[PDB]
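Worksheet: the structure to be examined is printed underneath.
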Protein chains: 2
Amino acid sequence: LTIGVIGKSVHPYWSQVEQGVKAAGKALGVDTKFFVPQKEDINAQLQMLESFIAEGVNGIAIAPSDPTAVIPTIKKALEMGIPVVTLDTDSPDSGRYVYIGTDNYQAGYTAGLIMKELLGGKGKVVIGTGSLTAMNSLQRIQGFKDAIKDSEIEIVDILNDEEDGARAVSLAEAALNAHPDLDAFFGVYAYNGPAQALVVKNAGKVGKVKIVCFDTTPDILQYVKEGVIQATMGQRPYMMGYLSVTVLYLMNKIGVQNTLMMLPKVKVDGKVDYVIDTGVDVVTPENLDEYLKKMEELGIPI
Amino acid sequence: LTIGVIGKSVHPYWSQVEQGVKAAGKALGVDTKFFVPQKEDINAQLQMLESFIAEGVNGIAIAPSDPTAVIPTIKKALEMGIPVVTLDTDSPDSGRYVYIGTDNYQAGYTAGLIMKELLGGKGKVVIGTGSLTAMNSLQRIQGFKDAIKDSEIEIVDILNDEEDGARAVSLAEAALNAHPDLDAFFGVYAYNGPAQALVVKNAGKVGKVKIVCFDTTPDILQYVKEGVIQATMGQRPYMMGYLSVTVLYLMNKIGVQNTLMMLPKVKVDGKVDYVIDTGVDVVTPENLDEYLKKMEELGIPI
Ligand SMILES: OC[C@H]1O[C@@H](O)[C@H](O)[C@@H](O)[C@@H]1O
Ligand SMILES: OC[C@H]1O[C@@H](O)[C@H](O)[C@@H](O)[C@@H]1O
């Protein structure tokens with residue numbers, strides 16, 4: 001059997017997902033194809049998707065940079081008898097059987113409450129994300145807004161870098177100059193937190209300008225350690241990759257229905273959906289050490 | 001790989017469980033050992049459990065007729081690296097990783113609410129079960145009690161047949177001739193429903209005496225067709241046996257933890273537990289054709 005997985009960018013975050021993909025494949029005796037474009041690239045994801053289908057893979061897990069754009073192709077994959085699940089970010093109307101990843105809206109809400117606390121309920125915030133089409137970005141941002149709604153905290157900007165590191169840095173660097181009265185940064189994607197951290201450090205504003213972001217890749221954790229980042233919403237990319245392969249494997253061996261019978265279910269608009277929530281680890285400078293301990297203890301060290 | 005499954009009795013209900021166990025094994029390439037004593041026999045379950053452990057199976061799924069009696073042995077199995085899950089009825093402190101089956105307490109509550117409606121909150125009811133140790137029987141019973149608590153309905157008898165057909169019958173008709181003024185019969189196990197129905201149809205009480213039971217085996221359904229049984233809480237024995245083999249298979253291939261995070265979790269006494277609720281189908285004479293249609297569509301016809 002062969003299973004194909006499609007990510008959204010070349011960030012180390014997707015490396016963790018790939019490791020999960022390969023480990024699951026090795027444990028189950030399955031071949032895995034992994035693809036991630038350099039930066040956000042909807043057309044490349046579509047072509048790779050078209051390609052995996054033509055190759056006749058037995059399963060596809062995809063993290064859509066655009067949930068609507070992939071619907072027709074995902075429908076074809078399903079017509080061709082190839083199971084499809086989403087991971088990292090969802091496309092609920094595509095026909096994908098299961099979404100596997102973080103509860104994005106809530107992850108953002110939590111980050112919003114943390115921010116609300118750090119700023120004492122007031123101040124100006126600039127948001128940095130790598131997409132304005134991916135549903136996971138929109139949900140994290142939406143949840144952030146909903147969490148600070150009952151305060152005087154105002155978001156003065158939402159900057160999209162298309163999942164490009166240099167671009168994320170220069171956009172945050174300019175936003176800092178356009179807003180010398182900025183109180184905080186909110187990084188929605190893995191590139192954003194450490195980009196805003198470099199900006200703030202470069203301007204000598206560590207502590208002055210708060211940073212609440214996502215993920216726990218090396219560069220981020222190092223800034224959390226230096227105290228530049230007060231809090232980051234850590235995900236479980238590895239698990240997302242490992243369970244995606246597993247779920248698709250089962251759907252081939254035991255069938256789509258039997259596989260769904262054993263997964264967590266939720267209700268959307270009075271209808272049943274399937275969601276495996278991989279959880280978030282709220283990491284701050286105070287609990288960093290426990291985090292490095294907890295991770296290695298769970299089997300995914302450093 | 002070899003998976004061992006232990007049932008509670010020779011009822012056709014367990015044949016359904018076994019078909020699932022054999023279907024899963026076949027689809028996954030796993031050998032399956034299946035055991036059920038003639039009637040309730042805790043000692044036989046324990047003896048069979050000890051042999052599967054000695055024979056070094058790679059997984060065990062058990063439906064303990066006594067949740068406490070099996071703890072030391074299940075613990076021994078786990079100590080020796082053999083994953084254990086429960087199905088049909090639980091043993092929450094045995095150390096088993098997952099419970100796969102009906103939500104027994106709630107299915108009982110639902111059963112109680114249906115009676116309460118049928119009897120106008122008043123009348124004499126006699127419960128018929130096949131165990132007073134098995135947790136699924138105690139939960140279904142405690143649930144029936146909790147549902148009709150604030151009504152005038154009363155339970156005059158709780159007859160235990162130790163999962164024996166003839167005993168289910170002779171115990172019933174020895175309650176209808178000690179209570180010819182009996183309002184209703186409540187069958188907890190699959191043996192009970194048909195027995196109670198055979199009795200009631202004999203004493204020409206078809207309709208007079210109310211019958212609310214569990215399961216949808218040939219006989220139970222037949223009597224729902226003749227309006228002898230008004231409502232029966234149907235389970236999914238097939239799914240229980242199929243998923244039990246699947247879960248144990250995964251635990252061997254990808255590990256216990258990776259498998260657990262794929263399943264629905266619940267919080268019990270502040271600690272996370274894993275439970276696959278195979279759901280219940282409330283069947284009445286009104287929808288006895290829709291139920292047949294539904295089962296036919298899910299791949300488990302007739
Ligand atoms: O920017 C890299 C990655 O960051 C993560 O936080 C997001 O969940 C991914 O969708 C994104 O591709
Ligand atoms: O008595 C036959 C069977 O009836 C079912 O209702 C119960 O779930 C089983 O535990 C029992 O073995």
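Residues are named by chain letter and number: chains run A, B, ... in the order of the structure tokens, numbers start at 1 in each chain, and ligands are numbered from 1 in the order shown.
Using only C-alpha atoms, the chain B residues found within 9 Å of chain A amount to residues 23, 24, 27, 28, 239, 242, 243, 246, 247, 250, 253, 254, 257, 258, 259, 261, 262, 263, 264, 265, 276, 277, 278 and 298 of chain B.
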Dump N, CA, C and O atoms for the selected residues as a compact mmCIF listing (two decimals), in the first residue's frame?
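Below you can see out-v5.txt, which holds the result:
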# COMPACT_ATOMS: atom_id res chain seq x y z
N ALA B 23 -14.32 -11.56 11.22
CA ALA B 23 -14.25 -10.65 10.08
C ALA B 23 -13.04 -9.72 10.21
O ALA B 23 -12.31 -9.47 9.24
N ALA B 24 -12.82 -9.20 11.42
CA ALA B 24 -11.71 -8.30 11.65
C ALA B 24 -10.40 -9.05 11.49
O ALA B 24 -9.47 -8.56 10.84
N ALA B 27 -9.66 -9.60 7.82
CA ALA B 27 -9.31 -8.38 7.10
C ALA B 27 -7.93 -7.88 7.49
O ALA B 27 -7.23 -7.26 6.68
N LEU B 28 -7.53 -8.17 8.72
CA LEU B 28 -6.25 -7.71 9.23
C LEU B 28 -5.14 -8.74 9.16
O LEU B 28 -3.98 -8.41 9.39
N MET B 239 -19.94 -4.99 15.85
CA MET B 239 -18.96 -3.92 15.94
C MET B 239 -18.07 -4.13 17.16
O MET B 239 -16.85 -3.94 17.09
N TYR B 242 -15.59 -6.80 16.21
CA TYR B 242 -14.72 -6.32 15.12
C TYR B 242 -13.72 -5.27 15.61
O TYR B 242 -12.51 -5.39 15.39
N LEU B 243 -14.21 -4.24 16.28
CA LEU B 243 -13.34 -3.19 16.78
C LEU B 243 -12.39 -3.66 17.88
O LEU B 243 -11.27 -3.14 18.00
N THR B 246 -9.53 -5.06 16.14
CA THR B 246 -8.83 -3.96 15.48
C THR B 246 -7.95 -3.16 16.44
O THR B 246 -6.78 -2.88 16.13
N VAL B 247 -8.50 -2.80 17.59
CA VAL B 247 -7.78 -2.04 18.60
C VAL B 247 -6.57 -2.82 19.11
O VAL B 247 -5.47 -2.28 19.20
N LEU B 250 -3.88 -2.85 16.45
CA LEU B 250 -3.14 -1.61 16.43
C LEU B 250 -2.16 -1.51 17.59
O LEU B 250 -1.01 -1.11 17.43
N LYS B 253 0.85 -3.25 16.55
CA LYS B 253 1.58 -2.62 15.46
C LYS B 253 2.16 -1.23 15.69
O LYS B 253 3.33 -1.00 15.39
N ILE B 254 1.34 -0.33 16.23
CA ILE B 254 1.77 1.05 16.46
C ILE B 254 1.92 1.45 17.93
O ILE B 254 2.25 2.59 18.22
N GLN B 257 -0.13 3.64 23.38
CA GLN B 257 -0.41 5.08 23.39
C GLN B 257 -0.89 5.64 22.05
O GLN B 257 -1.91 6.31 22.01
N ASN B 258 -0.15 5.39 20.97
CA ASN B 258 -0.56 5.91 19.66
C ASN B 258 -1.97 5.46 19.32
O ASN B 258 -2.73 6.20 18.69
N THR B 259 -2.33 4.25 19.74
CA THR B 259 -3.66 3.74 19.48
C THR B 259 -4.72 4.48 20.29
O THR B 259 -5.76 4.84 19.77
N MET B 261 -4.75 7.51 21.52
CA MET B 261 -5.03 8.86 21.07
C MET B 261 -5.84 8.95 19.82
O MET B 261 -6.18 10.03 19.35
N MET B 262 -6.18 7.80 19.30
CA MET B 262 -6.97 7.76 18.11
C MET B 262 -8.42 7.55 18.53
O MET B 262 -9.33 7.83 17.76
N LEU B 263 -8.63 7.09 19.76
CA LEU B 263 -9.97 6.78 20.27
C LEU B 263 -10.65 7.88 21.07
O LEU B 263 -9.99 8.79 21.58
N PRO B 264 -11.99 7.81 21.21
CA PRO B 264 -12.74 8.81 21.97
C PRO B 264 -12.34 8.72 23.43
O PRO B 264 -12.20 7.63 23.97
N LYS B 265 -12.13 9.86 24.07
CA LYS B 265 -11.78 9.76 25.46
C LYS B 265 -12.83 10.39 26.35
O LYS B 265 -13.60 11.25 25.91
N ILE B 276 -15.12 3.36 23.52
CA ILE B 276 -15.75 3.37 22.22
C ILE B 276 -17.20 2.97 22.47
O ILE B 276 -17.49 1.83 22.83
N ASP B 277 -18.11 3.93 22.32
CA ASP B 277 -19.53 3.67 22.53
C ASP B 277 -20.13 3.17 21.23
O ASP B 277 -20.39 3.95 20.32
N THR B 278 -20.36 1.87 21.15
CA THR B 278 -20.91 1.28 19.95
C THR B 278 -22.39 1.63 19.69
O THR B 278 -22.99 1.14 18.73
N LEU B 298 -25.75 -1.01 6.70
CA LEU B 298 -24.47 -0.94 7.40
C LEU B 298 -23.55 -2.14 7.17
O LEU B 298 -22.46 -2.22 7.74
Test item: residues at most 6 Å from segment 186-190 of chain A, only C-alpha atoms, excluding those fewer than 5 positions along its chain, as a VMD selection string: chain A and resid 127 to 129 211 to 215
Residues near residue 161 of chain B, cut-off 7 Å, only C-alpha atoms, skip fewer than 5 positions along chain, as a VMD selection string: chain B and resid 129 to 130 167 to 168
Can you write out the residues you just picked, keeping N, CA, C and O atoms, as a PDB file, in the first residue's frame?
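Final file, out_9.pdb:
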ATOM      1  N   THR B 129     -32.961 -10.666  34.393  1.00  0.00           N
ATOM      2  CA  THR B 129     -31.565 -10.539  33.965  1.00  0.00           C
ATOM      3  C   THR B 129     -30.785 -11.861  34.029  1.00  0.00           C
ATOM      4  O   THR B 129     -31.290 -12.878  34.503  1.00  0.00           O
ATOM      5  N   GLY B 130     -29.548 -11.836  33.543  1.00  0.00           N
ATOM      6  CA  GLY B 130     -28.726 -13.031  33.538  1.00  0.00           C
ATOM      7  C   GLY B 130     -27.484 -12.916  34.394  1.00  0.00           C
ATOM      8  O   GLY B 130     -26.569 -13.732  34.283  1.00  0.00           O
ATOM      9  N   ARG B 167     -34.306 -21.258  32.130  1.00  0.00           N
ATOM     10  CA  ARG B 167     -34.409 -20.607  33.429  1.00  0.00           C
ATOM     11  C   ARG B 167     -35.030 -19.233  33.304  1.00  0.00           C
ATOM     12  O   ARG B 167     -35.658 -18.741  34.237  1.00  0.00           O
ATOM     13  N   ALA B 168     -34.826 -18.601  32.156  1.00  0.00           N
ATOM     14  CA  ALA B 168     -35.386 -17.286  31.911  1.00  0.00           C
ATOM     15  C   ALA B 168     -36.897 -17.449  31.791  1.00  0.00           C
ATOM     16  O   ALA B 168     -37.663 -16.627  32.294  1.00  0.00           O
TER      17      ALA B 168
END
Residues within 10 Å of ligand 1, counting only C-alpha atoms and all ligand atoms, as a ChimeraX atom specification: /A:7-14,36,39-40,63-65,87-90,101-102,104,129-131,134-137,140,161-165,187-193,213-217,233-237
Residues of segment 4-210 of chain B in alpha helix (DSSP H), written as a PyMOL selection string: chain B and resi 12-28+42-54+71-79+104-118+135-147+165-172+192-202
Which of segment 47-280 of chain B end up as strand (DSSP E) when DSSP is run on this backbone - answer as a PDB file with N, CA and C atoms, in the first residue's frame?
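Once written, out.pdb looks like this:
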ATOM      1  N   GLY B  59      -3.001 -10.224  22.382  1.00  0.00           N
ATOM      2  CA  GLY B  59      -4.052  -9.316  22.768  1.00  0.00           C
ATOM      3  C   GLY B  59      -5.245 -10.061  23.293  1.00  0.00           C
ATOM      4  N   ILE B  60      -5.921  -9.446  24.252  1.00  0.00           N
ATOM      5  CA  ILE B  60      -7.098 -10.041  24.851  1.00  0.00           C
ATOM      6  C   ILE B  60      -8.245  -9.040  25.009  1.00  0.00           C
ATOM      7  N   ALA B  61      -9.435  -9.474  24.608  1.00  0.00           N
ATOM      8  CA  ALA B  61     -10.646  -8.680  24.728  1.00  0.00           C
ATOM      9  C   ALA B  61     -11.570  -9.521  25.589  1.00  0.00           C
ATOM     10  N   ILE B  62     -11.966  -9.008  26.748  1.00  0.00           N
ATOM     11  CA  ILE B  62     -12.840  -9.781  27.629  1.00  0.00           C
ATOM     12  C   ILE B  62     -14.094  -9.053  28.116  1.00  0.00           C
ATOM     13  N   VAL B  84      -4.870  -5.500  26.946  1.00  0.00           N
ATOM     14  CA  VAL B  84      -6.195  -5.987  27.290  1.00  0.00           C
ATOM     15  C   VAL B  84      -7.248  -4.897  27.164  1.00  0.00           C
ATOM     16  N   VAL B  85      -8.391  -5.256  26.593  1.00  0.00           N
ATOM     17  CA  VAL B  85      -9.509  -4.324  26.467  1.00  0.00           C
ATOM     18  C   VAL B  85     -10.743  -5.103  26.904  1.00  0.00           C
ATOM     19  N   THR B  86     -11.814  -4.393  27.229  1.00  0.00           N
ATOM     20  CA  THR B  86     -13.042  -5.065  27.620  1.00  0.00           C
ATOM     21  C   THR B  86     -14.091  -4.751  26.579  1.00  0.00           C
ATOM     22  N   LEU B  87     -15.095  -5.606  26.470  1.00  0.00           N
ATOM     23  CA  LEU B  87     -16.174  -5.372  25.517  1.00  0.00           C
ATOM     24  C   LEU B  87     -17.468  -5.872  26.139  1.00  0.00           C
ATOM     25  N   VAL B  98      -9.053   0.005  27.095  1.00  0.00           N
ATOM     26  CA  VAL B  98     -10.255   0.541  26.465  1.00  0.00           C
ATOM     27  C   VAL B  98     -11.490  -0.306  26.697  1.00  0.00           C
ATOM     28  N   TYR B  99     -12.643   0.351  26.823  1.00  0.00           N
ATOM     29  CA  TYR B  99     -13.913  -0.357  26.960  1.00  0.00           C
ATOM     30  C   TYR B  99     -14.627  -0.160  25.619  1.00  0.00           C
ATOM     31  N   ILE B 100     -15.087  -1.246  25.014  1.00  0.00           N
ATOM     32  CA  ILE B 100     -15.766  -1.179  23.721  1.00  0.00           C
ATOM     33  C   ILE B 100     -17.167  -1.750  23.843  1.00  0.00           C
ATOM     34  N   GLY B 101     -18.186  -0.899  23.782  1.00  0.00           N
ATOM     35  CA  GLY B 101     -19.541  -1.415  23.897  1.00  0.00           C
ATOM     36  C   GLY B 101     -20.634  -0.375  24.066  1.00  0.00           C
ATOM     37  N   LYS B 122     -47.036   4.299  36.442  1.00  0.00           N
ATOM     38  CA  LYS B 122     -47.550   3.419  37.484  1.00  0.00           C
ATOM     39  C   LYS B 122     -47.788   1.981  37.031  1.00  0.00           C
ATOM     40  N   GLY B 123     -47.563   1.051  37.956  1.00  0.00           N
ATOM     41  CA  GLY B 123     -47.746  -0.358  37.672  1.00  0.00           C
ATOM     42  C   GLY B 123     -46.700  -1.239  38.331  1.00  0.00           C
ATOM     43  N   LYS B 124     -46.878  -2.547  38.192  1.00  0.00           N
ATOM     44  CA  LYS B 124     -45.946  -3.512  38.767  1.00  0.00           C
ATOM     45  C   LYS B 124     -45.016  -4.046  37.683  1.00  0.00           C
ATOM     46  N   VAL B 125     -43.712  -3.971  37.928  1.00  0.00           N
ATOM     47  CA  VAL B 125     -42.722  -4.443  36.961  1.00  0.00           C
ATOM     48  C   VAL B 125     -41.775  -5.480  37.553  1.00  0.00           C
ATOM     49  N   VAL B 126     -41.462  -6.505  36.764  1.00  0.00           N
ATOM     50  CA  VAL B 126     -40.524  -7.543  37.186  1.00  0.00           C
ATOM     51  C   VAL B 126     -39.360  -7.617  36.201  1.00  0.00           C
ATOM     52  N   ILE B 127     -38.168  -7.302  36.700  1.00  0.00           N
ATOM     53  CA  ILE B 127     -36.932  -7.315  35.917  1.00  0.00           C
ATOM     54  C   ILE B 127     -36.372  -8.734  35.724  1.00  0.00           C
ATOM     55  N   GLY B 128     -35.953  -9.036  34.499  1.00  0.00           N
ATOM     56  CA  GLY B 128     -35.375 -10.334  34.192  1.00  0.00           C
ATOM     57  C   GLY B 128     -33.957 -10.169  33.659  1.00  0.00           C
ATOM     58  N   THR B 129     -32.961 -10.666  34.393  1.00  0.00           N
ATOM     59  CA  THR B 129     -31.565 -10.539  33.965  1.00  0.00           C
ATOM     60  C   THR B 129     -30.785 -11.861  34.029  1.00  0.00           C
ATOM     61  N   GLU B 152     -44.864   6.269  40.147  1.00  0.00           N
ATOM     62  CA  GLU B 152     -45.553   5.333  41.024  1.00  0.00           C
ATOM     63  C   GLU B 152     -45.226   3.896  40.627  1.00  0.00           C
ATOM     64  N   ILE B 153     -44.476   3.734  39.537  1.00  0.00           N
ATOM     65  CA  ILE B 153     -44.102   2.402  39.075  1.00  0.00           C
ATOM     66  C   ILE B 153     -43.239   1.738  40.136  1.00  0.00           C
ATOM     67  N   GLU B 154     -43.417   0.429  40.293  1.00  0.00           N
ATOM     68  CA  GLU B 154     -42.651  -0.325  41.276  1.00  0.00           C
ATOM     69  C   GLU B 154     -42.144  -1.647  40.710  1.00  0.00           C
ATOM     70  N   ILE B 155     -40.982  -2.058  41.198  1.00  0.00           N
ATOM     71  CA  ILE B 155     -40.358  -3.302  40.777  1.00  0.00           C
ATOM     72  C   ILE B 155     -40.641  -4.335  41.859  1.00  0.00           C
ATOM     73  N   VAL B 156     -41.381  -5.383  41.515  1.00  0.00           N
ATOM     74  CA  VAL B 156     -41.710  -6.413  42.491  1.00  0.00           C
ATOM     75  C   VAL B 156     -40.725  -7.573  42.516  1.00  0.00           C
ATOM     76  N   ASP B 157     -39.914  -7.690  41.472  1.00  0.00           N
ATOM     77  CA  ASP B 157     -38.941  -8.775  41.409  1.00  0.00           C
ATOM     78  C   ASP B 157     -37.795  -8.573  40.429  1.00  0.00           C
ATOM     79  N   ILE B 158     -36.626  -9.073  40.817  1.00  0.00           N
ATOM     80  CA  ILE B 158     -35.420  -9.020  40.003  1.00  0.00           C
ATOM     81  C   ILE B 158     -34.895 -10.451  39.910  1.00  0.00           C
ATOM     82  N   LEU B 159     -35.400 -11.197  38.930  1.00  0.00           N
ATOM     83  CA  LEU B 159     -35.038 -12.597  38.723  1.00  0.00           C
ATOM     84  C   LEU B 159     -33.780 -12.829  37.865  1.00  0.00           C
ATOM     85  N   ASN B 160     -32.817 -13.558  38.431  1.00  0.00           N
ATOM     86  CA  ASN B 160     -31.538 -13.877  37.780  1.00  0.00           C
ATOM     87  C   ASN B 160     -31.508 -15.301  37.227  1.00  0.00           C
ATOM     88  N   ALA B 184     -45.783  -5.013  33.750  1.00  0.00           N
ATOM     89  CA  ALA B 184     -44.713  -5.144  32.759  1.00  0.00           C
ATOM     90  C   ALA B 184     -43.513  -6.037  33.102  1.00  0.00           C
ATOM     91  N   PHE B 185     -42.830  -6.475  32.048  1.00  0.00           N
ATOM     92  CA  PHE B 185     -41.628  -7.308  32.121  1.00  0.00           C
ATOM     93  C   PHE B 185     -40.455  -6.495  31.548  1.00  0.00           C
ATOM     94  N   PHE B 186     -39.327  -6.450  32.254  1.00  0.00           N
ATOM     95  CA  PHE B 186     -38.150  -5.732  31.749  1.00  0.00           C
ATOM     96  C   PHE B 186     -36.972  -6.697  31.631  1.00  0.00           C
ATOM     97  N   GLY B 187     -36.606  -7.023  30.392  1.00  0.00           N
ATOM     98  CA  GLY B 187     -35.500  -7.935  30.138  1.00  0.00           C
ATOM     99  C   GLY B 187     -34.164  -7.237  29.937  1.00  0.00           C
ATOM    100  N   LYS B 210     -46.705  -5.395  29.590  1.00  0.00           N
ATOM    101  CA  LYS B 210     -45.736  -4.638  28.811  1.00  0.00           C
ATOM    102  C   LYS B 210     -44.353  -5.302  28.794  1.00  0.00           C
ATOM    103  N   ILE B 211     -43.655  -5.211  27.663  1.00  0.00           N
ATOM    104  CA  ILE B 211     -42.318  -5.790  27.543  1.00  0.00           C
ATOM    105  C   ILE B 211     -41.274  -4.869  26.901  1.00  0.00           C
ATOM    106  N   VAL B 212     -40.279  -4.493  27.696  1.00  0.00           N
ATOM    107  CA  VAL B 212     -39.176  -3.648  27.249  1.00  0.00           C
ATOM    108  C   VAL B 212     -37.890  -4.437  27.496  1.00  0.00           C
ATOM    109  N   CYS B 213     -37.219  -4.848  26.423  1.00  0.00           N
ATOM    110  CA  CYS B 213     -35.996  -5.628  26.561  1.00  0.00           C
ATOM    111  C   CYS B 213     -34.787  -5.094  25.789  1.00  0.00           C
ATOM    112  N   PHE B 214     -33.721  -5.900  25.751  1.00  0.00           N
ATOM    113  CA  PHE B 214     -32.476  -5.569  25.053  1.00  0.00           C
ATOM    114  C   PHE B 214     -32.184  -6.538  23.900  1.00  0.00           C
ATOM    115  N   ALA B 231     -40.734  -2.359  22.976  1.00  0.00           N
ATOM    116  CA  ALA B 231     -39.477  -1.675  22.709  1.00  0.00           C
ATOM    117  C   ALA B 231     -38.257  -2.446  23.218  1.00  0.00           C
ATOM    118  N   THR B 232     -37.239  -2.575  22.371  1.00  0.00           N
ATOM    119  CA  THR B 232     -36.014  -3.285  22.738  1.00  0.00           C
ATOM    120  C   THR B 232     -34.745  -2.501  22.408  1.00  0.00           C
ATOM    121  N   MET B 233     -33.907  -2.289  23.417  1.00  0.00           N
ATOM    122  CA  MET B 233     -32.650  -1.571  23.260  1.00  0.00           C
ATOM    123  C   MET B 233     -31.663  -2.477  22.520  1.00  0.00           C
ATOM    124  N   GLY B 234     -31.471  -2.244  21.222  1.00  0.00           N
ATOM    125  CA  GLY B 234     -30.552  -3.062  20.444  1.00  0.00           C
ATOM    126  C   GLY B 234     -29.115  -2.578  20.522  1.00  0.00           C
ATOM    127  N   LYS B 265     -12.128   9.858  24.072  1.00  0.00           N
ATOM    128  CA  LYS B 265     -11.776   9.763  25.465  1.00  0.00           C
ATOM    129  C   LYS B 265     -12.827  10.395  26.351  1.00  0.00           C
ATOM    130  N   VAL B 266     -12.880   9.917  27.589  1.00  0.00           N
ATOM    131  CA  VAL B 266     -13.814  10.406  28.584  1.00  0.00           C
ATOM    132  C   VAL B 266     -13.049  10.695  29.859  1.00  0.00           C
ATOM    133  N   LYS B 267     -13.615  11.536  30.706  1.00  0.00           N
ATOM    134  CA  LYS B 267     -12.952  11.848  31.955  1.00  0.00           C
ATOM    135  C   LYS B 267     -13.761  11.171  33.051  1.00  0.00           C
ATOM    136  N   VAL B 268     -13.127  10.266  33.784  1.00  0.00           N
ATOM    137  CA  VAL B 268     -13.793   9.552  34.871  1.00  0.00           C
ATOM    138  C   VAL B 268     -13.040   9.820  36.168  1.00  0.00           C
ATOM    139  N   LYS B 271      -9.699  11.441  35.820  1.00  0.00           N
ATOM    140  CA  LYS B 271      -8.643  10.790  35.042  1.00  0.00           C
ATOM    141  C   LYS B 271      -9.194  10.412  33.661  1.00  0.00           C
ATOM    142  N   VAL B 272      -8.375  10.563  32.631  1.00  0.00           N
ATOM    143  CA  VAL B 272      -8.821  10.238  31.295  1.00  0.00           C
ATOM    144  C   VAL B 272      -8.961   8.742  31.074  1.00  0.00           C
ATOM    145  N   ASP B 273     -10.068   8.339  30.462  1.00  0.00           N
ATOM    146  CA  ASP B 273     -10.295   6.936  30.154  1.00  0.00           C
ATOM    147  C   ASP B 273     -10.657   6.892  28.671  1.00  0.00           C
ATOM    148  N   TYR B 274     -10.579   5.709  28.078  1.00  0.00           N
ATOM    149  CA  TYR B 274     -10.900   5.569  26.667  1.00  0.00           C
ATOM    150  C   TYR B 274     -12.081   4.639  26.494  1.00  0.00           C
ATOM    151  N   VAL B 275     -13.092   5.124  25.781  1.00  0.00           N
ATOM    152  CA  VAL B 275     -14.316   4.373  25.578  1.00  0.00           C
ATOM    153  C   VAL B 275     -14.924   4.498  24.184  1.00  0.00           C
ATOM    154  N   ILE B 276     -15.117   3.364  23.520  1.00  0.00           N
ATOM    155  CA  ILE B 276     -15.749   3.371  22.221  1.00  0.00           C
ATOM    156  C   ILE B 276     -17.199   2.969  22.474  1.00  0.00           C
ATOM    157  N   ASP B 277     -18.106   3.926  22.322  1.00  0.00           N
ATOM    158  CA  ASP B 277     -19.526   3.674  22.533  1.00  0.00           C
ATOM    159  C   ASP B 277     -20.134   3.173  21.234  1.00  0.00           C
TER     160      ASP B 277
END
Residue neighbourhood residue 109 of chain B, 8 Å, only C-alpha atoms, exclusion window fewer than 4 positions, as a ChimeraX atom specification: /B:105,113,140,143-147
Written file, previous selection with N, CA, C and O atoms, as a compact mmCIF listing (two decimals), in the first residue's frame:
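Result went into out25.txt, see below:
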# COMPACT_ATOMS: atom_id res chain seq x y z
N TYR B 105 -25.24 2.18 31.48
CA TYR B 105 -26.04 2.95 32.42
C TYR B 105 -27.11 3.75 31.69
O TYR B 105 -28.29 3.65 31.99
N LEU B 113 -37.20 5.34 30.94
CA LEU B 113 -38.05 6.43 30.47
C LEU B 113 -39.11 5.91 29.50
O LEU B 113 -40.22 6.43 29.48
N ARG B 140 -27.39 -1.31 33.63
CA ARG B 140 -28.67 -1.25 32.92
C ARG B 140 -29.80 -1.22 33.94
O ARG B 140 -30.77 -0.48 33.77
N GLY B 143 -29.91 1.98 35.99
CA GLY B 143 -30.39 3.05 35.12
C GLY B 143 -31.91 3.03 35.02
O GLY B 143 -32.55 4.08 35.03
N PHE B 144 -32.48 1.84 34.92
CA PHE B 144 -33.92 1.68 34.84
C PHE B 144 -34.53 2.26 36.11
O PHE B 144 -35.53 2.97 36.07
N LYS B 145 -33.90 1.94 37.24
CA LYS B 145 -34.35 2.43 38.54
C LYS B 145 -34.30 3.95 38.61
O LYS B 145 -35.26 4.58 39.05
N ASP B 146 -33.18 4.53 38.19
CA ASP B 146 -33.00 5.98 38.23
C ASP B 146 -33.97 6.75 37.33
O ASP B 146 -34.28 7.91 37.60
N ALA B 147 -34.44 6.11 36.26
CA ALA B 147 -35.35 6.75 35.31
C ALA B 147 -36.80 6.82 35.79
O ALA B 147 -37.51 7.78 35.50
Close residues, segment 51-58 of chain A itself excluded, 8 Å, only C-alpha atoms, min 2 positions apart in chain, as a VMD selection string: chain A and resid 1 to 4 47 to 49 60 77 80 82 to 83 248 252
Residues within 8 Å of segment 285-291 of chain B, only C-alpha atoms, excluding chain neighbours under 5 positions, as a VMD selection string: chain B and resid 221 224 to 227 229 to 231
Distance in Å - atom CA of residue 295 of chain A versus atom CA of residue 111 of chain A: 20.7 Å
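For the residues B:148, B:198, B:280, B:172, ranking by smallest atom-to-atom distance to ligand 2 using only C-alpha atoms and all ligand atoms places B:280 first.
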